[PDB]
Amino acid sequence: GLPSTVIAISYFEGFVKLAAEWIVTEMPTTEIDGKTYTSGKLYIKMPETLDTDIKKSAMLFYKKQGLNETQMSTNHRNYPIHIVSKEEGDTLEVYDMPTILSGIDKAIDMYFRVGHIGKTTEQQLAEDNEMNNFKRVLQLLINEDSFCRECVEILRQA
């Protein structure tokens, strides 16, 4: 019963699965700012470290990658899925850094950050373990979904 497992499941059910389904079944028939894409990819970007504010790391990564704000109209949620994306030739490259990981940080930040300001090596190990388990569960869920296996990737670099 790891919390990163539940976080990965919630992230997959509430975003990754719907985004992959939109890429596979709706994007080829949807015009995004004038263009019609035949191929799309969703890239999951992990934070370099689980810092105090994952939203700021996400904003910085999106601006440094030259992404623009777009949205996908889905039928499995009452409101569209907001994303950041860019064009690479004929491919629509969507990126996302999972903001749901925020809680994870605070959880670790409430168990190890004691009697000191920085991050002990034990906090770093527990953080890396939670990160790796999140990535493993997310990859297992992606592999069991045809659309996700088709168009979703977890980014490698740190």
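Residue indices: 1-based, along the sequence shown.
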{"property": "Stretch exceeding the other in mean C-alpha B-factor - 97-105, 120-128", "result": "120-128"}
{"property": "Stretch with the greater mean C-alpha B-factor as recorded in the entry, comparing 15-23 against 142-150", "result": "142-150"}
{"property": "Top residue by Cα temperature factor, when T91, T30, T70, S57 are compared in the entry", "result": "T30"}
{"property": "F112 CA temperature factor, ranked by third within the chain", "result": "highest"}
{"property": "Third of the chain, ranked by Cα B-factor, where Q157 sits", "result": "highest"}
